[PDB]
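The data below hold one chain only, encoded as structure tokens and taken in the form deposited in one PDB entry.
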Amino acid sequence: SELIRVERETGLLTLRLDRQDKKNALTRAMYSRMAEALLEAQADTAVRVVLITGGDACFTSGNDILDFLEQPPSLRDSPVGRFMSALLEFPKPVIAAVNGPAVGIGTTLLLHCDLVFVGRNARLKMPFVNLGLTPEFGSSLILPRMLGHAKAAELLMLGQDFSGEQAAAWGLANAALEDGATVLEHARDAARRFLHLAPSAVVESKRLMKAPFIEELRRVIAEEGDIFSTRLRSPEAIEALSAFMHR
């Protein structure tokens, strides 16, 4: 397994995306490995906090477009569906350390992390509409609720990109930091901070924070995914995806 690195330290499990030649574009095997690693982390009492990162330069350019073009349609039962579910239901703290591009699910997965640290010049976007597609990972619920409709519309109906500084100002990130290694070091220090607290107090607090929202979020994720799978098989999306590839 070389596209996802699973690294361990005292209490901390780090999932490092490592497909830099393709800007960490996410393949089925990467989703499968991340889901597997989250489910193992969830069961391992030695793991108290999970950190997700792509390293000092790049988080992820999003789902591999060739995966959208070939073998496209699966909802709940698929590698990406298992990843989304594993993260959504993950009961322990998850921390994202984001540099460079964070595109598509690279941004929407941050909506399911407990802390998000970004380089101030990171580049976040949800370009679904530019590819003839629709919102995913619950973003059609989460973003309008947090930001109001109009600001969420700029991101989702237009695919407007934004900086890490802007992400922190809007509260999608907890802090925007000096780009690079500083982001990951700060995220690790946040993880170490969690290690001093009562473990079940942290876990129960997170559970209570998600409990009023989780059933609706599961439903929206399902409805989004049905629509998304339908659109991926549609001519409008195939052409947009075909146009983005081979610019």
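Numbering starts at 1 and follows the sequence shown.
Annotation for 72-80 versus 157-165: the higher mean temperature factor (C-alpha) is found in 72-80. Set 110-118 against 173-181 and average the Cα temperature factors; 173-181 ends up higher.
Going by the entry's values, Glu40 shows the largest Cα B-factor out of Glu216, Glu204, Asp189, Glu40. In this PDB entry, the Cα temperature factor of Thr230 sits in the middle third of its chain's modelled residues. In this PDB entry, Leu208 carries a Cα temperature factor that places it within the lowest third of its chain's modelled residues. The PDB entry assigns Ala35 a C-alpha temperature factor belonging to the lowest third of its chain's modelled residues. The deposited CA B-factor of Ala198 belongs to the highest third of values across its chain. Among the modelled residues of its chain, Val47 has a C-alpha B-factor that falls in the highest third, as given in the PDB entry.
Below, we turn to the form deposited with a small molecule bound, even though it does not appear here.
For a residue to qualify, one of its non-hydrogen atoms must sit within 4.5 Å of the small molecule in the deposited complex; none of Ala35, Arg76 and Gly138 qualifies. Interface membership of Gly54, defined by any non-hydrogen atom within 4.5 Å of the small molecule in the deposited complex, is ruled out. For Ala243, no non-hydrogen atom is located within 4.5 Å of the small molecule in the deposited complex, even though that partner is not displayed. With a 4.5 Å cutoff on heavy atoms, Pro127 counts as touching the small molecule in the deposited complex.
Heavy atoms of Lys23 reach within 4.5 Å of the small molecule in the deposited complex, making it an interface residue.
Note on contacts: among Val47, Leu217, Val202, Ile65, the single residue with a heavy atom within 4.5 Å of the small molecule in the deposited complex is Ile65. Heavy atoms within 4.5 Å of the small molecule in the deposited complex belong, among the stretches 143-151, 173-181, 127-135, 109-117, to residues of 127-135.
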